[PDB]
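FYI the Cβ positions are ideal-geometry reconstructions off the backbone, even for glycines, and counts take in every protein chain you see. Just so you know, all these numbers are worked out from the coordinates, no wet-lab data involved.
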């Protein structure tokens, strides 16, 4: 008997003589397997059209936004980098900057709006902690901040 | 079956075309297959003949039966003539687990024969606890089935499935394990009994045919003079018993026109017919005796209304081809001759062997249709007789009732257009001395003949 | 098959012939059914029938463009072309039965004949005994040539006779030895064999013959590489790579068969006395050695594989006897540095421990092994 | 016209008949036509989505209908005739016969006539 769902549907779409026909049953089992694979591929393609669920299309998204494509890196890290790169095209208001940095790091952030004349503070909060290396966050902050402003940081668990 | 719509397809040849046919014929056939020593009736179905007597053209059974069926006979009364030494194909199959290989099952053909029926048993690939029981006729598969290993179920299954019209199983002994695997084991020991048929054996077929009733009888494609004389005497004896049997014969293959005419003149009974020309069909030559089967079949199928004066026969070629002088000589001699006319083999003039006398109204007796007409009337009259002999009071009222029945039967004949005039009345001469057990009457009728020749005269 | 033009005479009408016959009569009536018509019309009809059938058939079989059967075979024999003959299907049949049973050569076993299908006859090529083991295998061949036969695995099940003790006869695997030639294909073969010249087996002729075989991209010839009129055939595949052994054997058989038996002679393109051998150049492997230093978080294996792919792509451009540019390979390595594709730094860049452009000689070049030195 | 053949399908077994070589048993034009006729008769109309409205019959739907015996005979004749006649090879279908053997369980016959069954006039000027 046919195992594929689409194979069974396609067989039933034909005349009813093929109840006992092993030959046609196997043929439409193969065809239904092909169509099941195509449907799964279509769903996967639907995933690739976005940066959040890019999956192996995250390489395409990184090539689009100019980020360095590196497969060995974590997929979530690549997603965060792509989102932060995409969101950098508008005014650096505290809301936009805070959400950009939060998307890049993945940890909660509150921009302090530091009291000093030309500095802005950034405070991080992660329930799971942080690694010992977070230099690329500072690199992106320096690249993204207004030129005339300085920056200070603190991190919280 | 479940309620619903079901459908099948069949060839137009397989239509029940047997409806509307006429006439009865008899034959002592040599057969490789079927019942031995008994008469059997076929309703003009080629498949029925194939099942009952096989499809071996070498044997006279299928050959002459096919020719008879092509003649459109309503019913064919076939008798399997046999030489003796009769045997059925048989085989014994044995058990595996017993180291002595105990015999547990005996198989046998349904009827005596000599065909190469074989059996092949192999281990069932799906399950070793079962096995496949395939039965063969020569290299051709004929039936397959898988059965439980117990002996009784094996025998029952072999005797159960639809396609076992050829072989029947029988248990010799019981056992727990399946039969041994074997391939194409012939059912040896059988015999069709067709080898070297004796001259005397035809008499058994004749005596068995006596109890039955039929319009005509034809020999099994054999031109032995002794058999022809014996059948002549037998038909004469049956005529004395009130059974009017029409005989058809054909001269030997090597007989020339002179020998055929001499044979036809030697016996000139109106109930005998001689075929004077061989024929060909399906690229196979047919001797005059073999052609007599088809001639008898056509004559019987035509019945009363029709005739074979110029019937276009199924045959394709004839030998010898006769000139008009030779045709006249043969027809004057009482010989029935097929003639080739523009790609069609056509019988000429419907004659029988009775041509010596023709000393006025006996002229009409020389043609087969008239004799069939007379014999059919005699048979119907005898059938009406046997309902009343010693069973109705022999008074004036009963005699009048019998006369009315006969007159109404002849009126039914009138409705067919067979007869132009008829009269049936009391036989006053014989009625002066008749008694209870029998009554006497007289009749005469004018049969309408089939148009045979045309004479034209163009006044210019 | 080309349509045959026919002369007007051979396609004359019967009525035209009869009219030509009757033109000379002017005193006697020539009406249909008249005695003159009786004498003349069958002659005209027979003339038309013969002229339309027999002569046109003769014209058809005259030329190879329209001939057929034995006629086309003879016209092929005119220019020495034979149509491929059929072969009997061959294989092995398994037998099982009593050990004492003996099976002889020439035994006939067939398939299962049915109403739909007839039995295919096969014959055993060997004599064997079941004495050692209950199962034996016997080689067999079909008694009928052609693609008929070549049956499936378990098709063979019927024995025409009956052999004592045999329990089961089953073919184990499908037969493959059967083969039929098409008339039109043979006609095309006859019409293809019409080359006028360039048949001497010079360097150009051998190059053309090598190119005719599919899969051969480029071909080169060495005259008397081993003396005695020997010929080498150096061949490159379609992608300039070393030709495979199967392709080498194909070209060898095409130009110079080596499997000729005692009762056979070479049918290859090589003329008599020209000894020919097919060769392929050696594939140099360029192993790269350098003290690679990779970027932050980059996988060394992935970066080195990408560099391997790039260098292989470059090396594919190089042909037989080309020059491997070491200075170009330096920039192939450094392109990833320019694009920041993982490689942070490198040093001691060498190709097989060489720092100069290597010249190929009777060699093609392919990618070797990319090795990081990791110098202490 | 240039009709073509097909492969046999033993409706008794519901499987394609295949030679010993493993290839399906090819059949002639008329054999494929008969196979198609049986399949079309067995195929209900409007219900198997792989086909157009032309293909199939409606014999099964007629069983639940309330029409009388003779009305059902006429409906069967119409349905079989319409279903068969779509094929170009068909010339005429008719000579329908019916036999209500049991009280309400029927057996019916029909004849199909091919384009090759036509009779041709013999004449030329």
| task | Under 6 Å between Cβ atoms, at least 6 apart or on separate chains: pull out the pairs that start in the range C:310-325 with a residue that is part of a loop (DSSP other than H, G, I, E, B) and end on any residue that is surrounded by fewer than 15 Cβ atoms within 10 Å (Cβ to Cβ). | result | C:325/C:357
| Every residue from the range B:196-251 that is assigned to a loop (DSSP other than H, G, I, E, B) and over 18 Å from the mean Cα position of the chain (by Cα) | B:196, B:197, B:198, B:199, B:200, B:224, B:241, B:242, B:251
| said: Looking only at residues that are touching a strand residue (DSSP E or B) at 6+ places or on another chain (Cβ under 7 Å) and either farther than 20 Å from residue A:15 by Cβ or part of a strand (DSSP E or B) (or both) in the range D:12-26, which one is farthest from the other protein chains (Cβ to nearest Cβ)? | reply: D:26
| field | Some residue of the range C:336-344 being away from chain A (no Cβ under 14 Å), surrounded by 12 or more Cβ atoms within 10 Å (Cβ to Cβ) and in contact with a helix residue (DSSP H, G or I) (Cβ under 9 Å, 6 or more places away or on another chain) | value | no
| query | When the range D:96-125 is examined, which residues are found to be part of a strand (DSSP E or B) and loosely packed, with under 11 Cβ neighbours inside 10 Å? | reply | D:97, D:99
| request: Search the range C:286-308 for residues being away from chain A (no Cβ under 14 Å) and in a helix (DSSP H, G or I), and hand back the single one that is surrounded by the most Cβ atoms within 10 Å (Cβ to Cβ). | output: C:307
| Does residue B:184 qualify as being at positive phi, out of contact with any helix residue (DSSP H, G or I) (no Cβ under 8 Å at 6 or more places or on another chain) and surrounded by 20 or more Cβ atoms within 10 Å (Cβ to Cβ)? | yes
| task | Scan the helices (runs of 4 or more DSSP H) fully inside the range A:64-157 and keep the ones with 2 or more residues being surrounded by 15 or more Cβ atoms within 10 Å (Cβ to Cβ) and in contact with a strand residue (DSSP E or B) (Cβ under 6 Å, 6 or more places away or on another chain). | result | A:94-105
| Taking into account only those residues within the range B:88-115 that are within 14 Å of chain C (Cβ to nearest Cβ) and out of contact with any strand residue (DSSP E or B) (no Cβ under 6 Å at 6 or more places or on another chain), which is nearest to residue B:182 (Cα to Cα)? | B:96
| query | With respect to the numbered conditions (1) over 19 Å from residue B:165 (Cα atoms); (2) in a strand (DSSP E or B), which one is the sole condition not fulfilled by residue B:107? | reply | (1)
| What number of residues within the range C:145-177 satisfy the criterion of being within 13 Å of residue C:88 (Cβ to Cβ) and either surrounded by 15 or more Cβ atoms within 10 Å (Cβ to Cβ) or in contact with a helix residue (DSSP H, G or I) (Cβ under 7 Å, 6 or more places away or on another chain) (or both)? | 6
| query | If residue B:58 passes every condition in (1) buried (at least 17 other Cβ atoms within 10 Å of the Cβ); (2) out of contact with any helix residue (DSSP H, G or I) (no Cβ under 9 Å at 6 or more places or on another chain); (3) away from every other protein chain (no Cβ under 14 Å) but one, which one does it miss? | reply | (1)
| message | Condition first: in contact with a helix residue (DSSP H, G or I) (Cβ under 6 Å, 6 or more places away or on another chain) and part of a loop (DSSP other than H, G, I, E, B). Now tell me which residues in the range C:356-376 satisfy that. | response | C:356, C:357
| field | Listing of helices (runs of 4 or more DSSP H) fully contained in the range C:1-100 that carry 2 or more residues being within 42 Å of the chain's Cα centre (by Cα) and away from chain B (no Cβ under 14 Å) | value | C:35-62, C:69-78
| task | Scan the range B:68-86 and give yes if some residue there is in contact with a strand residue (DSSP E or B) (Cβ under 7 Å, 6 or more places away or on another chain), assigned to a loop (DSSP other than H, G, I, E, B) and farther than 16 Å from residue B:149 by Cα, otherwise no. | result | yes
| query | Mind checking which residues of the range A:1-31 are under 40 Å from the mean Cα position of the chain (by Cα), farther than 19 Å from residue D:51 by Cβ and either more than 13 Å from every other protein chain (Cβ to nearest Cβ) or not in a helix (DSSP H, G or I) (or both)? | reply | A:2, A:3, A:4, A:5, A:29, A:30
| query | Of the residues that sit in the range B:332-345 and are in contact with a strand residue (DSSP E or B) (Cβ under 8 Å, 6 or more places away or on another chain) and surrounded by fewer than 21 Cβ atoms within 10 Å (Cβ to Cβ), which one is nearest to residue B:72 (Cα to Cα)? | reply | B:344
| message | Suppose the filter is away from chain D (no Cβ under 14 Å) and either exposed (fewer than 12 other Cβ atoms within 10 Å of the Cβ) or under 22 Å from residue D:47 (Cβ atoms) (or both); does residue A:40 pass it? | response | yes
| request: Look through D:83, D:77 and report the one residue that is more than 25 Å from residue D:2 (Cβ to Cβ) and not in a strand (DSSP E or B). | output: D:77
| query | Looking only at the range D:27-49, which residues are surrounded by 16 or more Cβ atoms within 10 Å (Cβ to Cβ), in a loop (DSSP other than H, G, I, E, B) and within 12 Å of chain A (Cβ to nearest Cβ)? | reply | D:43, D:45
| request: Report, by residue number, each residue of the range B:7-16 that is more than 9 Å from every other protein chain (Cβ to nearest Cβ) and surrounded by 10 or more Cβ atoms within 10 Å (Cβ to Cβ). | output: B:14
| task | Determine whether residue B:138 is in contact with a helix residue (DSSP H, G or I) (Cβ under 8 Å, 6 or more places away or on another chain) and closer than 23 Å to residue C:158 by Cβ. | result | no
| query | Tell me, which strands (runs of 3 or more DSSP E) lie completely within the range C:120-231 with 3 or more residues that are away from chain D (no Cβ under 14 Å)? | reply | C:135-145, C:166-171, C:216-223
| residue B:310 assigned to a loop (DSSP other than H, G, I, E, B) and in contact with a strand residue (DSSP E or B) (Cβ under 6 Å, 6 or more places away or on another chain) | yes
